[PDB]
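To start, the structure under review is shown below, and the notes come after it.
What follows is calculated from the coordinates using simple rules that are stated; it is not laboratory data. When we count neighbours, we look across all protein chains shown, and the Cβ atoms used for this are built from the backbone with ideal geometry, even at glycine.
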Amino acid sequence: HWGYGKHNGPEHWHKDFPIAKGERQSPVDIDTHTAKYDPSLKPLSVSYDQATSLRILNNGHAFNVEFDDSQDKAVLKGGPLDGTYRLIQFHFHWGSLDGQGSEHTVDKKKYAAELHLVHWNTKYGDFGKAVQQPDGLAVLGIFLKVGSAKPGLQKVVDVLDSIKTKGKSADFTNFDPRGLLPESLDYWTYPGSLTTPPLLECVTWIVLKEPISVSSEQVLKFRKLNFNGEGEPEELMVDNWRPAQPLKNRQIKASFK
Ligand SMILES: NS(=O)(=O)c1ccc(-c2cnc3ccccc3c2)cc1
Ligand SMILES: [Zn+2]
């Protein structure tokens, strides 16, 4: 099955998921000089004060911090969006080296990691229905650069030892995702896809221009996770990013001048 290795990595996915060669695939390079300022773009509305985190899971390609999405608790609105999107999970993509790891790039620059806060459009009733719709998901993407530690990330880092291998999960209640956001909510936005199989073309991408800083030790502990399950040969969970895909007939808009 699919993964990030030489024999099952992004270059192979199209054989099981032909949409990998589609017209609105993610991630993309964000050419900041070609992205046009759109003065009609509204500010983002990130309402996370009532977020209810539940669990953290090693799913064999990343770790997901999952939320209660059975009610409107943590929601994304505004920006390019119509309607209300419920937070269901966030996860990261990261590198084996500080100089790579993000999925989106900015003027071809790669960050050490990228955070994805995944939300689904409540008008479709549940997550599984939403991913079948071209406006089903809104993913808030946030770059991570290596520098000073991010205090609000440390509770995530601390628990990774307990979910080292594929299929392990741990209680993760009372985590506040507001501690993962940068100061500014200026963003770029474009229509795209899931960056992992099934690669469905259901995502409005909202990528924050301001990265967050994490410490070398924080990302180091990301890289001690495992792709494999317990009892199998150890494969470090590193370089779980898909590279930039052709922009094709899309325009990236900027919320800011
Ligand atoms: N990396 S990303 O674009 O933010 C992202 C990628 C994939 C999913 C996801 C994962 N597994 C699925 C299984 C069945 C249906 C939809 C799925 C979506 C959810 C979010
Ligand atoms: Zn992702």
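Checking the Cα-Cα distances for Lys110/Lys248; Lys6/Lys73; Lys15/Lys150; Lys221/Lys257; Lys15/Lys257; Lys164/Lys253 against a 31 Å cut-off, the pairs over it are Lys6/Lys73; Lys15/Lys150; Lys221/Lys257; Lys15/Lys257; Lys164/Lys253.
Which residue, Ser148, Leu236, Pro80, has the largest displacement toward the positive end of the dipole of the chain when charges sit on each Cβ (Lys, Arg +1; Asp, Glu -1)? Result: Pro80, furthest along the dipole toward the positive end.
Modelled spin labels at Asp49 and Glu232, positioned 7 Å past Cα toward Cβ, are 4.4 nm from each other. If only the Cβ of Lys and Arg carry +1 and only the Cβ of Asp and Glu carry -1, the dipole of the range 1-59 around its Cα centre is close to 160 debye. Counting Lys and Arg as +1 and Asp and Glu as -1, each charge on the Cβ, what is the dipole of the range 180-257 about the Cα centre in debye, to the nearest 20? Roughly 540 debye, rounded to the nearest 20. An ellipsoid equivalent to the range 138-257, defined through the eigenvalues of its Cα gyration tensor, has semi-axes of 28, 20, 13 Å when rounded to whole angstrom and sorted largest first. Taking every C-alpha pair closer than 8 Å and separated by at least 6 residues, the mean separation divided by the residue count of the chain gives a relative contact order of 27 percent.
The slack between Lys15 and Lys123, meaning 0.36 nm per residue of separation minus the straight C-alpha distance, is 35.7 nm. Here the average projected area of the convex hull drawn through the C-alpha atoms of the range 186-257 stands at 7.1 nm². Counting neighbouring Cβ atoms within 10 Å and putting the fewest first, the residues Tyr48, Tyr190 line up as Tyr48, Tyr190.
Considering only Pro18, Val65, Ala130, and ranking their Cα positions along the charge dipole of the chain that arises from unit charges at the beta-carbon of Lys, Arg, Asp and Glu, the one farthest toward the positive end is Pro18. Convex hull volume per residue, computed on the Cα atoms of the chain, equals 121 Å³. Put a plus charge on the Cβ of each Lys and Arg, a minus charge on the Cβ of each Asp and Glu, and nothing anywhere else: the dipole of the chain about its Cα centre is then about 500 debye. For the range 115-197, the direction-averaged projected area of the alpha-carbon convex hull comes to 7.6 nm².
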